[PDB]
J.: 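Structure incoming, see below.
A note on names: the letters A, B, ... follow the listed sequences, proteins ahead of strands, and every chain is numbered from 1. Note that ligands are numbered from 1 as they come in the structure, with each ligand's atoms numbered from 1 the same way.
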Amino acid sequence: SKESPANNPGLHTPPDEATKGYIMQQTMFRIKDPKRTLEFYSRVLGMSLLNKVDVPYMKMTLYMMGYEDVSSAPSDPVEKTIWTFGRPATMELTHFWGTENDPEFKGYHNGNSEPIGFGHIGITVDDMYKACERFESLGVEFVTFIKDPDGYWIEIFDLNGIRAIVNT
Amino acid sequence: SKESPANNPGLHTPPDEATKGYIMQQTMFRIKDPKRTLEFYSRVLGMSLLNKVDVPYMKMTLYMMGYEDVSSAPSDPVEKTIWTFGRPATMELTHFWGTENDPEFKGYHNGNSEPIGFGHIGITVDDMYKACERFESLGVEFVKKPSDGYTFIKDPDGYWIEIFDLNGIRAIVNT
Ligand code: NI
Ligand code: NI
């Protein structure tokens, strides 16, 4: 296959046994205002607030977001946090206190203009027509990419659209 | 709880029906050199190569990587791509042809120096101290000391990758 080590210099297979059980747990973005951020990730994207971790000594709050049923999460706060950090595919949205009130705060950089680096996260939806119609109805900002309230890029795709691209 | 909508202005919960089954599928980084990036994510982190997509009209290759048994994936290349895009928690590592040789390539920006923005990805390991001894053995660069229950290592482009175990998290939270 085109994914084989012979076709991909540097690819190491099989994974070392010491790594088995590692999970890709989070992607962290710095965010200006938790009110706008919470509304975007929870209302527009459908994620749940898995955990809010205030870190007073660092003047910051971590909002852990993801696609989970929090009605069945552990009720004990410590065990709910441990549960959160066992879940793959979360967002860590970091609010440094005061950015939302500082008239000199210049904004966070999204990686897609110089200096370039970070690209985007991407969400698999059921149907790109339905998803985009609904985003328009909610007043979402479009760059297929939408933008969160700090300007980070969020790619949207469905499996039928992927199949059509791969087939050309 | 401290995650309640009453305690968190802007929180819209539970999710809208239309978002049923949405998944957080990928985190995309631009990478200078696919051989270095494949070795880091596959050897150091233990990710697999789920899919390689050459896009010749954009002079780029997409390397999709994550924690999966790729021996379980479809053999049909089209179906294997579709399988990839139904897996949560992947990396999309984007190689623009020529950055690996260009003598004036300035590097990719990791978000943690001005102008700041993007932070990191993070990996839950079995045992931070065990993981870090092994990272050391593989010549991995560290951003901070393994202490206070977390560290960051750097990928070949300089992106930060947090490392923690659940005992580390529990210790942090209990303070
Ligand atoms: Ni993408
Ligand atoms: Ni983190």
J.: What protein N/O/S atoms lie closer than 2.8 Å to the Ni ion (ligand 1)?
T.: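 For the Ni ion (ligand 1), the protein N, O and S atoms that sit under 2.8 Å away are A/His120 NE2, A/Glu155 OE1, B/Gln26 OE1, B/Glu92 OE1.
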J.: Between B/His120 and A/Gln26, do the side chains contain a donor N or O and an acceptor N or O under 3.5 Å apart?
T.: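 A/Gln26 vs B/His120: donor-acceptor pair found between side chains.
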J.: Classify the side-chain pair A/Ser4/A/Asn7 by whether it contains a donor and acceptor separated by less than 3.5 Å.
T.: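 Short answer, yes.
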J.: Who passes side chain to side chain contact (heavy atoms under 4.5 Å, CB included) against A/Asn8, sequence neighbours left out?
T.: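 Listed in chain order: A/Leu11, B/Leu38, B/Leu49, B/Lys52, B/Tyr63.
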J.: Which ring pair (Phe, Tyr, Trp, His ring centres under 6.0 Å) pairs, counting each pair once, include a residue from residues 21-58 of chain A, with sequence neighbours left out?
T.: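 Matches after skipping sequence neighbours: A/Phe29-A/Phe118, A/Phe29-A/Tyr152.
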J.: Residues two or more places apart in sequence or in another chain: which of them pass side-chain hydrogen bond (donor to acceptor under 3.5 Å, both in side chains) with B/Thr84?
T.: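 If we apply the side-chain hydrogen bond (donor to acceptor under 3.5 Å, both in side chains) test to B/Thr84, skipping adjacent residues, there are no hits.
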J.: Hey, is B/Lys35 close enough to B/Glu100 for a salt bridge, meaning N to O under 4.0 Å?
T.: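 No, B/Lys35 and B/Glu100 are not salt-bridged.
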